[PDB]
Structure formats: C-alpha cells, structure tokens
Amino acid sequence: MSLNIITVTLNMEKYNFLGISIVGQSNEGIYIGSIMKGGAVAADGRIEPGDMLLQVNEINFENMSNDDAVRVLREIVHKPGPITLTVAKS
Ligand SMILES: O=C(O)c1cc(Br)ccc1NS(=O)(=O)c1ccc2ccccc2c1
Ligand SMILES: O=C(O)c1cc(Br)ccc1NS(=O)(=O)c1ccc2ccccc2c1
C-alpha cells in the first residue's frame, strides 16, 4: 500500500474561508468531509473530500474530538497570515 502526504500553503489573500467541513474524531482520525466551491481549499484544488487532516499551522489533529477540531480551525482562520494544511491522500 502507498501513502501520499501533501503540504498545502494558502495565502488567504483572495479568500476569507477555507470552505471545508471535517468528519471523524482522533480521541477515540479527522477527514475533509465537504469542500465548498468558493473557498481557499477549492481554489487550490489539491485537497479532496476523504483526505485525512494531520496538521494545520502548529496544531496536530491526531488527539482531538470533532468539536475541538472545528474550534481550532475557527481560531486559525480568524488569525492573520497564511494557513498550511498537511493531509494524507485517500
Ligand atoms: O471564502 C471566501 O472568500 C468566499 C467568497 C465568496 Br463571494 C463565496 C464563498 C466563499 N467561501 S466559501 O468557503 O465557499 C463559503 C463560506 C461560507 C459560506 C456560508 C454560507 C454559504 C456559502 C458559504 C461559502
Ligand atoms: O473557513 C472554514 O472553512 C472553516 C471550517 C471549519 Br471545520 C471551522 C471554521 C472555519 N472557518 S470560520 O471562519 O470559523 C467559519 C465559521 C462559520 C462558518 C459557517 C458556514 C460556513 C463556513 C464557516 C466558516
């Protein structure tokens, strides 16, 4: 079996939102659920639904409830500067 890791840096200059929902928990992993067409993640085009979310900026997502993962993504999107996502491809 093959594992494909990609790291995606979004400058968030032309987009306010990532435009993602997330599914699953890692305090029992967390995956990209929906991607909305108008957001930074869709514009970049590399991340797809079912990709596993490993890290966003300095936060690891591998010991979190779904609710806490949504909370930390809210905090990151409301902070200035680029957003770096590391995912494992489905
Ligand atoms: O993120 C943006 O800059 C954006 C701008 C426009 Br115009 C439209 C959508 C955008 N982002 S999006 O991730 O697709 C998005 C974000 C929140 C939404 C809330 C309600 C309905 C659609 C939404 C789309
Ligand atoms: O920007 C995002 O796509 C986003 C995704 C998650 Br999961 C959590 C927070 C996110 N950013 S956010 O600016 O706080 C936000 C808040 C409310 C939203 C409501 C509908 C659609 C997108 C939203 C994004």
Side-chain angles (χ1 to χ4, degrees), residues 1-27 29-70 72-90:
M1 43 226 143
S2 202
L3 193 55
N4 294 298
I5 309 299
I6 68 163
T7 300
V8 168
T9 304
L10 312 177
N11 62 41
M12 306 301 295
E13 284 178 7
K14 294 204 214 297
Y15 310 89
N16 197 51
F17 304 100
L18 292 174
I20 64 171
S21 80
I22 57 166
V23 300
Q25 55 261 59
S26 53
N27 78 322
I30 294 170
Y31 304 85
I32 309 301
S34 294
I35 304 182
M36 288 188 282
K37 294 194 176 215
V41 169
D44 175 86
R46 283 179 286 183
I47 297 168
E48 294 169 293
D51 288 354
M52 189 183 296
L53 192 59
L54 298 184
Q55 197 180 323
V56 182
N57 290 359
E58 295 308 310
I59 308 303
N60 176 266
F61 276 76
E62 283 182 281
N63 188 34
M64 261 191 219
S65 71
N66 193 270
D67 282 344
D68 270 338
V70 171
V72 69
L73 278 177
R74 178 169 305 122
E75 277 173 4
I76 289 173
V77 173
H78 277 264
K79 286 232 284 176
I83 301 175
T84 303
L85 305 94
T86 306
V87 305
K89 295 300 296 180
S90 78

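In this chain, residues are counted from 1 in sequence order. Whatever order the structure lists ligands and atoms in, that order sets their numbers, starting from 1. As a basis for the values below, the full set of heavy atoms in this structure was taken, side chains included, without hydrogen atoms, waters or symmetry mates.
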I'd like to check which ligand 2 atoms, numbered from 1 as shown, lie under 4.0 Å from a non-hydrogen atom of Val70.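 Answer, ordered by atom number: 8 (C).
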Mark up the atoms of ligand 2 that fall under 4.0 Å of a heavy atom belonging to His78, in ascending order.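 Result: 13 (O), 14 (O).
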For [X], which fellow cluster members are found when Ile, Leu, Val, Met, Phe, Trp and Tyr are connected by side-chain heavy-atom distances below 4.5 angstrom, either directly or through intermediates?
X     : result
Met36 : none
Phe17 : none
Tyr31 : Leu3, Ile5, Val23, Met52, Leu54

Is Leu73 close to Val56 at the side-chain level, that is, under 4.5 Å between some pair of heavy atoms? yes
With a 4.5 Å limit on heavy-atom distance, are the side chains of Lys79 and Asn57 in contact?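 They are not in contact (no side-chain heavy atoms under 4.5 Å apart), so the answer is no.
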So which heavy atom on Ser26 is nearest to which on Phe61, and how close?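 Heavy-atom minimum between the residues: OG-O, 2.8 Å.
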With a 3.5 Å cut-off and no angle check, do the side chains of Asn27 and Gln25 form a donor-acceptor pair?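 No pair is found: no donor N or O on one side chain lies under 3.5 Å from an acceptor on the other.
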Name the residues with a heavy atom less than 4.0 Å from ligand 1?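 If the criterion is a heavy atom under 4.0 Å, then ligand 1 touches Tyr15, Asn16, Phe17, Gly19, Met36, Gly38, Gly39.
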